[PDB]
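In C-alpha cells, one chain follows: the form deposited in one PDB entry.
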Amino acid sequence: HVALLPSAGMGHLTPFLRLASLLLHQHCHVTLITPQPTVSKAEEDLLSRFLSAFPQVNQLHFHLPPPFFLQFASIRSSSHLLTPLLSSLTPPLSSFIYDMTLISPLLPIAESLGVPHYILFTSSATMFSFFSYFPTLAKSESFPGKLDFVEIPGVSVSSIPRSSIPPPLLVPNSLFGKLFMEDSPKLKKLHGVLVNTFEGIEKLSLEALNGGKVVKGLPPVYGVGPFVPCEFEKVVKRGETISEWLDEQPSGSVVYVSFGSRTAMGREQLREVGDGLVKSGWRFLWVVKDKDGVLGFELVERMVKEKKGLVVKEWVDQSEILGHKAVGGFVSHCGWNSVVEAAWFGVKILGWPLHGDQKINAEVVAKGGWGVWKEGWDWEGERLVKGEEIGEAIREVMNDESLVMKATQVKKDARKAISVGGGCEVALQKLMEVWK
C-alpha cells in the first residue's frame, strides 16, 4: 500500500500519476491524495481521466480552508489535517511518496506515520544535486559575491556557471532562497528520493548522488525514469485536426514548439518567435498559452501561403505530437517532463530556458549530444531574442544530423531502462523489497 501526494501544476501531477501507473503494474494499492480545490482545469481533466481509467486507486480529498503559488502556503499551513485522514486508512500504509516542494510540512506527518517515506523530485537528477549542494554553497559567505562556477563533484554537467543558477537563489530576502536552505537539509531524514531520469541522460549525477559525493548524509536516490506517457492522458478530441495535419508532412520536418504549461512570455517576445519560425523555413507546430493580436499580417500570411505552420491555443497531446514521425525537432523550455518525453521519442531539443532549473536542464541535454541551447539568450525578460537568432538556431538544429543520432540512442537507452535490465525496473523492484 503506497500513498502519493503531488504538488500543484501539471509539471508535478503528470510524473506522479505516471509513477502511480508503474506502481499499479507492480500490483499495488495506491492512495492518491488530492489537495482540493485543485488549481488548473487541466489538473481536473487529467485526474478524472486517470481515476476512471484506474478505479481501484484511493482518492483522499485534502480539503483546504480558503494561483499555483497560492495554495503553496495553504497546504503547509493545513498539513496537520492529513494525520487523522491517512492514519484512518486500511489496508495499512507501507510507504509514502510526496513532492519535494512539500518536504517541509509533510516530513513531521510522514515520521509520525511509521512508514518509509520518500520524495519524488519532478526535475533532473543534476538539478537535485544543485538542490542538495545548495547548503554547502551558501555556508561559504563569499556568495553571491564571488561565485563564478558551481562545481559539484561527479555530476553529469561539467561546471554550473553563475548564469545557470536560478536568479532568486542569489538575491537576499528571497522565498526560494530560504526554501532551499530549509528543505535541502531535511533530505537526511528520508528513506530515499525518486527521480524521473535514467542512466542514458544522467549517468554521472546519479552515481554522484548515490556515492555520497554531492553532500553527506544523502539517502539512496532511485532513477525510476523514464516516465513514459500513458493512455489515460490521451483526450478523445472530436476534431483531431493536429494529428491529421502532421500525417501529410514528410517525417522529420515539423518543429514542435512549446514553452511548458504557463508560458509567461510577453507580447514582444511572442512576435519574434513566430517571426523566427517562418524565417527558419521549416514547418512548425507552435503551442501557445495566453495565461490577442500578437502575430503579424505578413507573418500570418506566410504561415498560410507557404503552408507550413500550426498555431494552437489549447492543451495539446504532447505525447502524440512528439511520437508522430513528422516531428524532427523540439523547441522546448527544457521542463524536465518534456525533456524525458523528448528522450523517450528520440526528438532532438533546441533548448530555450526561461526560469528556474531550465538552464541546468538544458545543459544536461546538450551534454548528451542531442540538444543545443544558446547561453546568450539568458532568462526570460532579460533581453529580447530577435527572430533572426530563432530562425538561425532552428536551422542549426534541424540541419545538425548528429543530434538525431545521439537522440536515437538515448531513445534506445530509454527503451532499455524499463524492460531488460531497467534501472526503473530494478529500482522499483528494490523499493518493493524494503516495503515488506
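Don't overthink the numbering: it's just position in the shown sequence, from 1. Throughout, rigid core stands for the largest set of C-alpha atoms superposing within 1.5 Å between the two forms.
Omitted from view is the form deposited in another entry, to which the following refers.
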(Q) Looking between the shown form and the other one after fitting on the rigid core, I'd like to know which of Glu151, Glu306, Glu248, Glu314 has a C-alpha displacement of 2 Å or more. (A) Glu306
Q. Does superposing the core leave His80 with a CA shift of 2 Å or more between the shown form and the other one?
A. yes
Q) Do you see a C-alpha shift of 2 Å or more at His191 between the shown form and the other one, with the core held fixed? A) no
**Q.** Post core alignment: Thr263 C-alpha displaced by 2 Å or more between the shown form and the other one
**A.** yes
